[PDB]
Structures are given as structure tokens and as C-alpha cells.
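Report on one structure; see the data block that follows.
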Amino acid sequence: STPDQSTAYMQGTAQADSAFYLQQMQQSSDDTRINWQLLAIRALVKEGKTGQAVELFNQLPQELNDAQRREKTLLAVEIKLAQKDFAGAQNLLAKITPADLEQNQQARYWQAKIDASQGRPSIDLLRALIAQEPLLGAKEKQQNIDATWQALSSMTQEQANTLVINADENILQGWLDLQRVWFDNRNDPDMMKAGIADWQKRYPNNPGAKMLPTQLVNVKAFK
Numbered sequence: 005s006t007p008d009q010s011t012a013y014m015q016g017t018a019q020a021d022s023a024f025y026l027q028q029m030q031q032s033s034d035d036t037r038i039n040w041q042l043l044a045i046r047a048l049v050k051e052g053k054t055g056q057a058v059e060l061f062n063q064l065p066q067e068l069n070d071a072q073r074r075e076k077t078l079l080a081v082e083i084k085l086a087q088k089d090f091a092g093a094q095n096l097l098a099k100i101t102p103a104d105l106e107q108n109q110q111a112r113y114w115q116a117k118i119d120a121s122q123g124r125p126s127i128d129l130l131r132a133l134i135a136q137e138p139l140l141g142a143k144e145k146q147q148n149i150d151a152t153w154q155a156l157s158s159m160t161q162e163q164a165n166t167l168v169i170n171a172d173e174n175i176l177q178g179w180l181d182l183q184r185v186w187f188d189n190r191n192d193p194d195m196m197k198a199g200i201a202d203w204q205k206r207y208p209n210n211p212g213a214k215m216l217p218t219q220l221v222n223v224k225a226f227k
């Protein structure tokens, strides 16, 4: 559609801090102001200013368009996570259909699911990291990839043996294969490196094949 003052920021193709958004909010009215207000809430949450995020969220007009209301529901999750209301966050997340969101919103939707797990390795966390990775820019992928690896390497052989994946989860299957490579060769750095190289040729589409977990590249060992 026709771009307005805040399109890029709303869509996540540009970023600014809450001070900027609040300044623009004070120089606008009507829907332009609502958009800046929604962005201020988003930035306030990110910056740790939970009180002001809540208050500005409570000052949102009742008459929002569909795009503005969808953003409001997503901000509601981020606020509850900031308030440590993980139970309330899970309840709101369950009522959201990820397909109905834009990429930036989908990336934040999955980040909310990742945050809800609190680094607890489970199949749910792996799926959330895997679903988010295609939505992230190159400079934000490594962080996601490294979190995926920590979750995998934090499991035991027994815990991983109990995982049940679906036939169409080829990326997760590839991750679990590398996990096994780690279980089997972690006592031989030279064979570990070769096992990783063969895995990269087994699952060349896996994000970790093109961008190895930092933990597996930066390793020590002895002569």
C-alpha cells in the first residue's frame, strides 16, 4: 500500500528507539499517531521500560484497524513475558494464528515462544527456533543457530532417543543427526571435524550446514 511515515519501522525493515517513536507520536494524529504509538510500545518493551509500555498500551484507542489490532495482540504477549507472566503469555500465544502475521511479526511470534520456554531444551523449543530461523537476517541467524545447538547438546542420549518427529521435519531431522554425530565423536576432535564435514554433505540445506554453530567451530584440543 501507499507508505506512511512509519512503514519500515512497523514492518521491521528499519529500527529506532522509543525516544524517536515517542517524538514522532507527539507530532502526529489519527492513524499515523496510533502507528507511532504501537512502535513506541514495541521499543519500550525491548528496552526494559515495562511500566511505560503497559501504560502506553492501555492508552491505545479502541478504534484500531485490523493491521493495528493484530500488532496490539502481539504486543500483549511481549508485555506479559516482560512481566514474567509466562502463563498469561502462553494463553495469548495459543490464540494466535502465525499464518496471519507478516514476517517481522512471525519472527517475534516465534521469539515469544522461544522466550516462553526459558532455554529449557525440548522438542517445542527446537521447533520454535527452526520455524524462526528462515525469517531472520543473516546477522541474526547465528544467534538462533547457536541456541539450537545448545539445546541439542544439553540433552542426554536417552532424552534425545525419546524424541518423535514428523516425516516432513527434515531440518529437525538434520539437527538430530548432527546431535548424534556429537554424541558419537565428542571424544575425538579430529573425527568430530570429519563427522561434521560429512553431515554438512548429508543435510546441505540445514541452516547449520551453511553456518556452523559457533560452539563446534571454536574448539580447543591437544597436539
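Position in the sequence shown (first residue = 1) + 4 = our numbering.
Just so it is clear, CB atoms sit at the ideal spot from N, CA and C, and this is done for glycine as well.
From the options, pick the residue whose C-alpha is nearest to that of residue i; which is it?
i, options, result
"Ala23", "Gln41, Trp153 and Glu75", "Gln41"
"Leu180", "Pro125, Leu60 and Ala164", "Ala164"
"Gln122", "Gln107, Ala18 and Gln94", "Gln94"
"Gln31", "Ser10, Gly16 and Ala47", "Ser10"
"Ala20", "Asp192, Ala47 and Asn62", "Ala47"
"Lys197", "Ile100, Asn222, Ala57 and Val58", "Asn222"
"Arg131", "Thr160, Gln161, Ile169 and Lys143", "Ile169"
"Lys84", "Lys214, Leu96 and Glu75", "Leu96"
"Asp89", "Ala120, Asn69, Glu75 and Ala98", "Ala120"
"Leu220", "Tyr113, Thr17, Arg74 and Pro193", "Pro193"
"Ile127", "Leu105, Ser158 and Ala98", "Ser158"
Using beta-carbon positions only, say whether residue i and residue j come within less than 7 Å of one another.
i, j, result
"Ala111", "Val81", "no"
"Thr36", "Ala86", "no"
"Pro125", "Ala155", "yes"
"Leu139", "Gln183", "no"
"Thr218", "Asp150", "yes"
"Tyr13", "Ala44", "no"
"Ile175", "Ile134", "yes"
"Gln109", "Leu64", "no"
"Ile38", "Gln72", "yes"
"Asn189", "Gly199", "yes"
"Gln146", "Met215", "yes"
In terms of residue numbering, what span does the alpha helix (DSSP H) encompassing residue i cover?
i, result
"residue 3", "Outside the displayed span of the chain (5 to 227) sits residue 3, for which this structure offers no information."
"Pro193", "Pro193 to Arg206"
"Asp34", "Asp34 to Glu51"
"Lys214", "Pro211 to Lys214"
"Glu162", "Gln161 to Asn165"
"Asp128", "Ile127 to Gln136"
"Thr54", "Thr54 to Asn62"
According to the neighbour-count rule (16 or more other Cβ atoms, all chains shown, within 10 Å of its Cβ), is residue i buried or exposed?
i, result
"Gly141", "exposed"
"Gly178", "buried"
"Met195", "exposed"
"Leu167", "exposed"
"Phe61", "buried"
"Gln136", "buried"
"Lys205", "exposed"
"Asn210", "buried"
"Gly212", "buried"
"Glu51", "exposed"
"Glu67", "exposed"
"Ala18", "exposed"
"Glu59", "exposed"
"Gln161", "exposed"
"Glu144", "exposed"
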